[PDB]
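We've got the same protein chain twice here, in two forms, each standing alone as structure tokens: structure 1 and structure 2.
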Structure 1
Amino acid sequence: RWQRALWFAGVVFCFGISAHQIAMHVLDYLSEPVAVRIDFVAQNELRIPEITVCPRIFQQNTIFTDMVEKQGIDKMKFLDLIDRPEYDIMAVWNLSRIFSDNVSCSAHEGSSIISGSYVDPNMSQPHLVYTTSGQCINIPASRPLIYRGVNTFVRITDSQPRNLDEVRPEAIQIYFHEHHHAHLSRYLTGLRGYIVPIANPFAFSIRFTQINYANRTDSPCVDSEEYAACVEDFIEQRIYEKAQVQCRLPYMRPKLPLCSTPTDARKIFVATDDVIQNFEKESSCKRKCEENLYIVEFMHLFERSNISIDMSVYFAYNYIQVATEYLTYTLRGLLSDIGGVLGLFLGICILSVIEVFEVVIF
């Protein structure tokens, strides 16, 4: 009774201590595990985010509210200008304009020992976009900026004449983001942007972090473009289902008309306001792989001019911190681990498997 019974016991022990661990290794593979590798990549040419600069929100704007109060309207019912033959929705939104046509931007990438800074005026020029904050100015910042030392920046200058006639602005909402995601400019500039003064010139410094997520089956990516498409589609469709008025405001894509009547424009504005606060929760689409983080510090550097808005965005660090999460347990790893845990507990190794198969086939 001793010999073969003990052999059976000691062989089933090994079989069950190998099958359990093979199941654990294959059960640790179905649940995609991800580990983050971080790197500091030195950039020769940096990818400038494309800036949107806005006035403060309509009620906080110092220029828009001036006309609104001059027409008998208050900082609340500013959408009451629409029920007026001389004021349509576009006109009311051209009132918030604080950026004269002389707005421009240049790239200062490098410095000379003789000349000074290297000025490159001919690059992506700003254009006028309509945003929940009003009529804003969008800076495409499309071409890559060659990194030459800490004095590698972009200067946005609006040289308008402050010939005192009417009250003029006090601060601007800056927003750094990516391109063709036309909901970042037109919906989320008044939420994600920095409210900074334009009384005197100011400077930013942007460091870049890049978080890359794994497109694993239990948490799928979409890519920035599809994420923006989904987010904007949800934002607009929810705004329409919530306002229950088939029309739109200047910050929305021209799907349908502008309803030049205050009552159903207030509905659209309120629906936008209460739909853009919570769309990360209520939108059924998922994390971008590439998430770009713009660590924006403020620089007390030396340059003063006599112009309305003098903005500088510095890119003085070419080392981008990239944190990428990757599948730490592949199929090759799983198969090798099964082979090791089965050859450590049984000793049969593929070749023995082939020999056994040949014996079975005789």
Structure 2
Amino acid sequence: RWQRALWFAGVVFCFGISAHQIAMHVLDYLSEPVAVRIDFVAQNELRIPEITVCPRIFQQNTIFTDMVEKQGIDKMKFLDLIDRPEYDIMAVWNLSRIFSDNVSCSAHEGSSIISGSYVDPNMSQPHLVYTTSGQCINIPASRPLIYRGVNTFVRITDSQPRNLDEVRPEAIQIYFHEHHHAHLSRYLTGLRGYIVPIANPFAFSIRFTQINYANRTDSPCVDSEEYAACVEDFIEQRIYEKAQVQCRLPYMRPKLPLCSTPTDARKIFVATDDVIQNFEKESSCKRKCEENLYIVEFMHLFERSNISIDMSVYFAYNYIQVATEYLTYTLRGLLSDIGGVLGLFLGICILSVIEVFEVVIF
């Protein structure tokens, strides 16, 4: 009668639906759903960016364009200076040098009502680097600043002889990038670096956002060290294969000999221009698990010193906005969900399965 059909249809439908929701739950657990927790952590000591300070790009470089035009070359063919015997690529890129060897990097953690300021003139002194925009300065940021008060800043001070013996530069370009990303300093300082004059020294103000990601199979992340090496290697490989030449430029690692003719130098330079525009979207390197963003606002300076190039970077805000991406839907949740799925419709437990197996085996 209709009883057989009714019961069979009910059992088949219940089994099918149980399979459907158990499969959906297992599938989404494998998808590793992840939520985001936002908090504002107050820091007793801040982790400074690496601060790469370049001059303006070659065409925008006052002091470099002035001395390359006197040779009799246009405002674009600054690499044609290589063709001359005495001038080589390294000599050409040493002319862009804006900072002398007197650059200092002090760290002022203003505090101690009883003892005054907290000057520290020996915090990871600057060192030379070669960037696409010339010969620049780099601040390794060896140690984290100790935050006590809003008067916590890092002051880059150069006191070269600003006189009429030579034409002085008009501005510099300071880029605050990740702690150990060497590709961001030698390639992207001229793009992401804020241009600031040196005649009137004002200050920046860095606020810290941190984004911790979850290492997921469908969207894996890497540590801050692997990502930098991956991205750099990709950048030089891409530039080398696009330029189709076997020479390099000062801002490239010493894998190949320096370019010695204007044609190859310009080929490499244009290849770098093309690669740097899309090195992010057109790159396979996995995102680093921890991403630090440095919101750079401006800040007036009331007392302007007589130093040549004074540049203060304030860290008056010690509340890092931390967004931690944490993985929800643990294994216990999946098991409970499966039990609920097969507890509403059906009613077979993990205990009756042993009964079925014993019946089968007798």
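Counting starts at 1 and follows the sequence of structure 1. In this text, the rigid core denotes the largest set of C-alpha atoms whose superposition between the two forms falls within 1.5 Å.
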On a core-based superposition, does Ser336 travel 2 Å or more at its Cα between structure 1 and structure 2? yes
Following rigid core alignment, is the displacement of the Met76 C-alpha between structure 1 and structure 2 equal to or greater than 2 angstroms? no
After the core is matched up, is the C-alpha of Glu178 off by 2 Å or more between structure 1 and structure 2? yes
Can you give the CA shift of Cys230 between structure 1 and structure 2, in Å, with the two forms fit on their core? 1.1
What is the C-alpha shift for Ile113 between structure 1 and structure 2, rigid core superposed, to one decimal in Å? 3.9
For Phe269, the CA shift between structure 1 and structure 2 after fitting the core, in Å, is 0.4
